[PDB]
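Below: the structure, in structure tokens.
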Ligand SMILES: O=C(O)[C@@H](O)C(O)[C@H](O)C(=O)O
Ligand SMILES: O=C(O)[C@@H](O)C(O)[C@H](O)C(=O)O
Ligand SMILES: O=C(O)[C@@H](O)C(O)[C@H](O)C(=O)O
Ligand SMILES: [Cl-]
Ligand SMILES: [Zn+2]
Ligand SMILES: [Zn+2]
Ligand SMILES: [Zn+2]
Ligand SMILES: [Zn+2]
């Protein structure tokens, strides 16, 4: 029956240890960059954008408040003055309950008590256990002063944390970044010649050696195109692709983000745009020895992206990114994906910026993926097919963990 | 439980008095422009387009028939020859049943009897009571000869009816409209100079003074862009925006309509197109002291529009407009909206052209919005949150009425 | 009640004989072009694309394998190593069960036994009976050497099979095709003059005379536009349209296919793109005496296509084509269509390349269409409308068969 | 000297050497501007170019150029181009120039002559007198 299947699917999904292949979390020993707290959860930029639609407090005043005050404002405006029904607000409550706290009391002061008596290491153990996350993939930007520090000091991340070499500044801001490269000893010239090419490669190789990243990544605008006689186009073609092939490291492209449409909002000021599939199509076909992990921001790019994955095996689609990370969208995306790709895709990643988010991000997404799995297994069951519990666990393992590790070559 | 919640949500939704912030209805005392009748309901242009896909009667012959004959044809073709399953046909039946008539008999002659013995004022009282609509926002075009009359005669609308200054002819047909402005005493010159600017402002100010509109509005094509060195671009930049800021009146933009692709169909001859978000993005960011009410016609513009609202608080999204006003779409739009905006948006408007439509428009939309509210409240309930009935009524009040009045400054 | 209605709708839908207005099947007497077998089902290009996302076997090696080996590989990779949850894999199982075979045993060798002891004619009788398909519309390309043979030999197709004149080579590859036309006696000149025009018309007329097609068809790219001073634009304008009007034959346009993005994949190497609606809009309005059957490949073209059908009665929308032929999409498309068009559209076609697919294609689509019909009938039932079983059968007959025959003029 | 012209191929294939006052120039219009049609002739001549632009197609096109350079000993390779000429470009012309012509020309130190601006056959019936002209962008040459 469907209910017998349902229980097996839900059990398999809930018990399957998750490999979160894209987050903004950091190994505890890396320091304060690792954000956690009910205060951090409430000041997540997703909620900053949401509170600004309600509060009379200016954005300037908001940025001038302490994190405690910002959190108090957001709690009052989005949870008390109006029901916390949005996905992000729902997420906060899910994290609280998961930690054993009681959302029924709406006692923020009591919730804060829970966090103030623990250490980073302890909360990490707690959260990964609760979220059943075995591996976390970080976003490591060698262009950030704070992050560069731990890496240069020789600090190695926790074994549960993996590095990913983020290259946004290099690919999207070369004109400014080239100068920093020079200061660091990478002799790139004013013009794109053999010298500049080799030094950029040396730069990538040095960080690959230092981080041992599972992949190199970059977020791109709606106008992204390739090939292109631009700094980005040339760097990707002459340096990134060749280096990635040599070390058999996949290239992750997060396409569709239009940066800073509302500067004053900070991290909450980015917009979205539909991109052309031409560049991705070209990269996949012309670089068969390169591997590509892709996720797009526009709802209107989702279906064609699935179709492109049917064309090229060197393409691995992943997650329901940012503005796509909402139940209604996650549901439609996951169903279209399983329908045209079976289980050859990575349904989700958390993109967690605050440690505790791993709880709600995976909880909310797992229940949806579980329902989709139940429908699909049931359809073949009605066709006379018999699926074993072991086959279910196998499929679930591919979706939440094995597809990623298998694609990156680990 | 979910069923206890369901009843509370449905009750709150059904009892919440509605402020319909965009319709094509008129205060009864305004005259015959106020359309009502089972005949008017059946000759709604939405059904004209639908009947032309079935009937062998030429469009010319149709326009030559009396309204009674047109209604008879549409009833026969869309209700008798085929089941009235489309949204618009379903709407007609909902209006009948709501009025106490019986769709089971399919007796159009009997239905007509009900309307012929009442007055405009009486039917208005009846419908607003049935639809539980407390306030109706009109669309008042000072460029229409018939409408200009009541306003110039000094006629004030019923207290339940509010004015909205529609400016399509001014913004999209200035080359022709400028001449009428001159005939009315507004000395606009051949070239866009201080004189033309001031006289256009004087024109807007005079009508704002006469109508006391809750907002100024315009429908725009898929190709809409801003800024732009065109009559529209210049009028918006040099006159509309400044005047709207001074009187703190919001600017409503209904984007995506491609006018007259099938001229012979009349009001049923408009098409749709996806628009670029650039112009809206620019307006929101560069005019922070101006308020904007926006609704778009293309299904492919919906998600990005929600994201843009997360960026700018001077943007208030509203309704599921025209071709978007169908269950399947209303559902997906409302869910995406609540998920990314919580309750900071106006889910719907009727766009009613015929008085009785208020019944089905709100009935059909309320049941969908109610189901979405139930899902979202249930999700936070499962997270341990407890929502009171008063909080539900508060949220419902914001969605169906308070968000609008609060945004316009009333 | 809804369950009483449900049974009537499901019964009507299941019993309604289907006219499949677009397939890639052939009358049995046409020869081996008629594909059938569990081996053919498994080597369907939809599954080739899917297996290439999993298998380590090179595409070259795959094309070098025998059909038996290809089928074995696909069965092992997509059904045994991972659960066959994708739509195409689900389809294979549905066909097996429908034929009386047992998917529970996963015994491919036993399944093969069933097919090896029957004749084409026998399997055709079997499948059409099982799929309850009364009429099959073929895709007949006079430019294919193999197909041209039966037609030139004077072979007439089975009475259950209808011809459709496919013109892709003529319209999209005229520069190469013109030479073949000359070799066949059609004196087209180097330049587009009266001579070339008349000879192209003569060519179309000759094949219309030989095939007696229900319609002429062509698949078009995302960049399709009209009018256009190109071979395609000129051929459509000066030859196709005039000839189609004269014989009152509709023109079918399948828009949105980007051919060969992955050449090595063969038939599995096509991609998709969103098209502009301008060309279709122009054709519908400027050629009122011509009939057009249209289906588009991009998910983002679906809603506007429905709106365009509301504008022009000479437009008949049909099916959920190729990448659109997935439950999640079929559901949303069918609901948007019924909501804005009632029953004036053709919900589906199979596009079957392998005989047995008629079973799963129609089985999977019928259950979805049935659920949509049940919702819509229920909505008007709740409005007080009473629908008779005969009206249901009538509506179902229009959707699955009469709308097509009525539109083509048969 | 157009190796794609039947009449012209003869003398070269027969081993005929031109008068000492006459020098050869390898004209490549058919190769660069009509590859889709020309590729088939290359195949018939033994140059195994594939359907897709890969190492194989590249090497065989180079072999073709090298063979004729060897046979003609041209002072330069030449081509006439349309007003819309651009470079780089993901087209047959753009790829052939980038992956074959330029490399081969550098190796043998042979210059590349480009005669830009001709819009072919605007008046077909006039034959050789049917070509028109158009202003080109300097971007590709630059
Ligand atoms: O929080 C987010 O998802 C964004 O602000 C970014 O971190 C984005 O996911 C990125 O990786 O660029
Ligand atoms: O009936 C309609 O919705 C349209 O014909 C128009 O009234 C549109 O809503 C508009 O306001 O321009
Ligand atoms: O199998 C398919 O649907 C495609 O490969 C084509 O046959 C397409 O449907 C077409 O008719 O061009
Ligand atoms: Cl789109
Ligand atoms: Zn991220
Ligand atoms: Zn309106
Ligand atoms: Zn949906
Ligand atoms: Zn087909």
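Evaluate peptide C:97-108: per residue, the Cβ atoms of other protein chains within 10 Å of its Cβ; return the mean as an integer.
Values: counts 4, 2, 0, 0, 1, 3, 6, 5, 2, 2, 0, 0.
Shielding by partners across C:97-108 averages 2.
Based on a Kirkwood Rh over C-alpha pairs, give the Stokes-Einstein translational diffusion coefficient of the range A:35-116 at 25 °C and viscosity 0.890 mPa s in µm²/s. Intermediate results must be reported in sequence, preceding the final value.
Working: Rh = 12.8 Å.
Rounded, D is 192 µm²/s.
Please list the equivalent ellipsoid semi-axes of the range A:98-157, computed as the square roots of five times the alpha-carbon gyration tensor eigenvalues, in descending order and whole angstrom.
Values for the range A:98-157, descending: 31, 15, 11 Å.
Can you run the Rg to Rh ratio on the range B:171-272? Use alpha carbon positions and the Kirkwood inverse-distance Rh.
Rg/Rh: 0.99.
Among B:395, B:238, B:144, whose mean-square fluctuation peaks in a Gaussian network model of chain B (Cα, cutoff 10 Å)?
B:144
Report D for chain C in µm² per second (integer): Stokes-Einstein, Kirkwood Rh on Cα pairs, 4 °C, 1.567 mPa s.
57 µm²/s
I want to verify a result. In a Gaussian network model of chain A, Cα cutoff 10 Å, which of these has the top mean-square fluctuation: A:159, A:120, A:365?
Its mean-square fluctuation being the largest, the pick is A:159.
What residues from the range C:41-85 fall in the zone where the backbone N is under 17 Å from a label point 7 Å along the Cα-to-C-beta line of residue C:113?
Taking a point 7 Å out along Cα→Cβ of residue C:113, no residue of the range C:41-85 has its backbone N under 17 Å.
What ratio of Cα Rg to 2.2 N^0.38 Å holds for the protein assembly as shown?
Normalised by 2.2 N^0.38 Å, the Cα Rg of the protein assembly as shown equals 0.98.
Residue A:390 to residue C:285: FRET efficiency via 1/(1 + (r/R0)^6), r the Cβ-Cβ distance, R0 56 Å, to the nearest 0.05?
0.40
Rounded to a whole number, what is D in µm²/s for the range D:11-66 from Stokes-Einstein with the Kirkwood radius over alpha-carbon pairs (37 °C, 0.692 mPa s)?
It diffuses with D of about 256 µm²/s by this estimate.
So if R0 is 41 Å, what FRET efficiency would residue D:22 and residue D:121 give, r being the distance between their Cβ atoms, rounded to the nearest 0.05? Please report the intermediate quantities before stating the final value.
Values: r = 29 Å, r/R0 = 0.71.
Working from the Cβ atoms, E equals 0.90.
How much FRET efficiency would the formula 1/(1 + (r/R0)^6) give for residue B:205 and residue B:410, where r is the Cβ-Cβ distance and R0 is 22 Å, rounded to 0.05?
After rounding, the FRET efficiency stands at 0.70.
Please report how far the C-alpha centroid of the range D:1-47 lies from that of the range A:1-48, rounded to the nearest whole angstrom.
Result: 67 Å between the Cα centres.
Report the per residue volume, in Å³, of the convex hull enclosing the C-alpha atoms of the range B:311-390. List each step's numbers first, then the result.
On the way: hull volume 10.2 nm³, N = 80.
About 127 Å³ per residue, rounded to a whole number.
Report, in deg cm²/dmol and to the nearest 500, the calculated mean residue ellipticity at 222 nm for chain C, where each DSSP H run with n ≥ 4 adds -39500 (n - 2.57) and the sum is divided by the residue count.
Helix-only estimate at 222 nm: -14500 deg cm²/dmol.
What is the average number of partner chain Cβ atoms found within 10 Å of a Cβ in B:300-308?
For peptide B:300-308, the averaged partner shielding equals 6.
Determine the distance separating the Cα centre of the range A:293-340 from the Cα centre of the range B:61-86; give it in Å without decimals.
Between the Cα centre of the range A:293-340 and that of the range B:61-86, the gap is 44 Å.
Using the alpha-carbon centroid of each, what span in Å lies between the range B:259-287 and the range A:353-400?
42 Å
With springs only between Cα atoms under 10 Å apart, run a GNM on chain A and tell me which of A:118, A:187, A:178 wobbles the most.
The residue that fluctuates most here is A:118.
Per residue of C:252-262, count partner chain C-beta atoms within 10 Å of its C-beta, then hand back the mean as an integer. Can you show the working numbers first?
Values: counts 0, 0, 0, 0, 1, 0, 5, 0, 2, 10, 8.
Mean partner shielding for this stretch: 2.
Using only alpha-carbon positions, what ratio does the radius of gyration of the range C:255-410 give when scaled by 2.2 N^0.38 Å? Working shown, then result.
On the way: Rg = 16.7 Å, N = 156, 2.2 N^0.38 = 15.0 Å.
That works out to 1.12 for the range C:255-410.
Report Rg(Cα)/(2.2 N^0.38 Å) for the range D:2-142, keeping two decimals.
Against the compact-globule rule of thumb, the ratio is 1.08.
Virtual Cβ from ideal backbone geometry, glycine too; neighbours counted across all protein chains shown. We did not get these values from a lab; they are worked out from the coordinates using the rules stated.
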